[PDB]
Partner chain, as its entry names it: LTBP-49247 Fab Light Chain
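Here's a solo chain for you in structure tokens, the form solved without its partner chain.
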């Protein structure tokens, strides 16, 4: 009767809020048209598919998504890196990476994606960044699960691509090689090579044809680009917006407590400010709520025995509207 509609009304409220959320995120005053193009082309479907199932691991405005495939194997130059059975090389032309992203500042997230298909043994791999000529800098670690069905893998390589877009040669790239562990005893050193158990190399990742390694990019488009953990505080913002008000709390002066031996006081902060769609969560009631929270360790005695305990979420480091 009443309550039923009373909730259908609230749902209908956010539908008009999301209608404003999507348009404001796109910097669009009006909904556009369908476009000139039956079914969509497979170049954007593969790009949309690549984005639908994000693996592993947040600006408000929308981000343009583009992918750039690496230069084909047995094409251009593989002369330097021949006969490395346990290492897969990937190289990208910076001219076509700059074609996707006009300026390094626009890039917000870049992730290299590969296609693994092995199902029997796990593979421990490593990722390296090329420096100068044939000098390699370690990036990240990754273990591979024995999945019968192929699953995509991603590597967060944003900071590297931003340096590539800004300067350096036109040919930059990565190197996915096997992880080894070595423990030495009594003048004898054992090397346990892990990952790339099959010498074919083509058994671990897909390197020929379509579905080859590419570099997925997420950047702000240039039309949007115009205008547009770090602590936030109310004095530095110079605005009435939601911020962090610092409040030192003494246990002796404020709470009147004497039982906490350490610390004598701590910087408990709180949020404050009104949240006003052109002016992020698009909820039915935006609030000034904290985002970042640190714990607070304290010391006190319980009878004869002291206790050192940590209280979670006692200090506010950053607020936000939602």
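Numbering follows the first chain given and starts at 1.
This protein has a second form, the form deposited with its partner chain bound, left out of what is shown; the following refers to that one.
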> Should residue 208 be classed as touching its partner chain in the deposited complex when contacts are defined as heavy atoms within 4.5 Å?
Replying inline: no
> Could you tell me if residue 203 has a non-hydrogen atom within 4.5 Å of its partner chain in the deposited complex?
Replying inline: no
> Should residue 250 be classed as touching its partner chain in the deposited complex when contacts are defined as heavy atoms within 4.5 Å?
Replying inline: yes
> Does anything in 96 to 130 come within 4.5 Å of its partner chain in the deposited complex by heavy atoms, and if so which residues, in order?
Replying inline: none
